[PDB]
Amino acid sequence: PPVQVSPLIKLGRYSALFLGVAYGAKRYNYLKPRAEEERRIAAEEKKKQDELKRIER
Amino acid sequence: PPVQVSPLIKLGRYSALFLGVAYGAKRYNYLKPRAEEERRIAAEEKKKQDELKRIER
Amino acid sequence: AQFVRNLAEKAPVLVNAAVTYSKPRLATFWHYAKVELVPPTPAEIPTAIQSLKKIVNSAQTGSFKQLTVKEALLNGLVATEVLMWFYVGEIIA
Amino acid sequence: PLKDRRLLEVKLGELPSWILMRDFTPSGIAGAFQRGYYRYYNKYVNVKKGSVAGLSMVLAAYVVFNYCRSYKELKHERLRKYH
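Residue numbers (the numbering used here), protein chains in the order written: chain A, 2 to 58; chain B, 2 to 58; chain C, -10 to 82; chain D, 3 to 85.
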């Protein structure tokens, strides 16, 4: 036997839902490049360390 | 002398507004990485062309 | 030189006059824009949804097909008006 | 009370009625271009205090004409790719 929403909450819910959906898409977009670049430059660093131990074994 | 909205349109407007705001944020997020990577790989390609004309001048 | 600088001071007074003339025309635009200091009422939502359903009624049976052109032209132009705001939101994006 | 009316007067249901009551022969094309030119002329030009707007319209029209003519050769320098 469903119990009708005290409408305050039925309002408060789905709004916040879509707020969070937007927040998530925004975070994804805003964050991808920084991590991509930090990791790629760390890859430069690790290749350099590899060649270091190659010449400084 | 303002003219009250024929409410149909006052409804139809701001909805579409925020739809488009969401669409824009989504496009930004979804699109950033692909272009970043295509351009960076094209940069690999152009460095390769540079070294090509260096050795094949 | 200094006279040109003095002319600039007069020009600054002229610029103040330019602001002075613009403000009443802007005030008339403000009178049209002063209707809402908070988001629109959810009271007429019923009127709008009911008008929408009445449009659907006129559509389903094929009775709106007795209209004259000018009316449909107007309707479509305001439809596209509403539409442009979608790209506007994209701009915000 | 009339078969032929201003295309704005006619309705959508009888839309094809108007489309079929009217003629299409090139003579009836000149006899349309003329009506357009003369409406413009006798409404915005042939008046004792004709203004800029009595002329500026045809200029800013020719402009858009020759812009459309050129659209093809301009898709090659859009500053941004994904529009």
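Beta carbons: idealized from backbone N, C-alpha and C, even for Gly.
Closest to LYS59(C) by CA distance: which of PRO3(D), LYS5(D), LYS13(D) and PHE26(D) is it? For the purposes of this step, residue 59(C) is taken as residue 70 along the third sequence, with counting starting at 1. For the residues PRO3(D), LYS5(D), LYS13(D) and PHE26(D), the minimum Cα distance to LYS59(C) belongs to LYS13(D).
Any idea which residues DSSP pairs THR57(C) with across the strands? For the purposes of this step, residue 57(C) is identified with residue 68 of the third sequence, where counting begins at 1. DSSP lists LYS13(D) as partners of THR57(C).
So which residues on chain B does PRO34(A) lean against when the C-beta distance must stay under 8 Å? Your numbering for residue 34(A) matches position 33 in the first sequence. Those are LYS33, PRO34 and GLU37, listed as they occur along chain B.
Ignore the nearest five residues each way along the sequence and tell me which others in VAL47(D)'s own chain have a CB closer than 7 Å to its CB. Position 45 of the fourth sequence, counted from the first residue, corresponds to residue 47(D). The answer, listed in chain order, is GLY56.
So, under 8 Å CB-CB, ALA26(A) and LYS27(B) are touching, yes? Tell me the CB distance rounded to an integer number of Å. Locating residue 26(A) in the first sequence gives position 25, counting from the first residue. Locating residue 27(B) in the second sequence gives position 26, counting from the first residue. The pair is a contact, with the Cβ atoms about 5 Å apart (cut-off 8 Å).
Helix, strand or coil: how does DSSP classify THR9(C) here? Working through the third sequence from its first residue, we reach residue 9(C) at position 20. The answer is helix: DSSP assigns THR9(C) an H, G or I state.
Does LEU53(B) come within less than 7 Å of chain C when only Cβ atoms are used? Within the second sequence, the letter at position 52 stands for residue 53(B). Output row for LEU53(B): interface = no.
7 Å is my cut-off, CB to CB: does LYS13(D) come that close to chain C? Residue mapping note: residue 13(D) aligns to position 11 of the fourth sequence, counting from 1. For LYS13(D), the answer is yes, since a Cβ of chain C falls inside 7 Å of its Cβ.
Would you say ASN30(A) and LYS47(B) are within 7 Å of each other, going by their C-beta atoms? Within the first sequence, the letter at position 29 stands for residue 30(A). Within the second sequence, the letter at position 46 stands for residue 47(B). Their beta carbons are not under 7 Å apart, which means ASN30(A) does not touch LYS47(B) by this criterion.
Using 10 angstroms around the beta-carbon of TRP19(C), count the other beta-carbons present and answer buried if the total reaches 16, otherwise exposed. Mapped onto the third sequence, residue 19(C) falls at position 30. Exposed, since its Cβ has fewer than 16 Cβ neighbours within 10 Å.
7 Å is my cut-off, CB to CB: does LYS23(C) come that close to chain D? By 1-based counting over the third sequence, the position of residue 23(C) is 34. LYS23(C) does not count as touching chain D.
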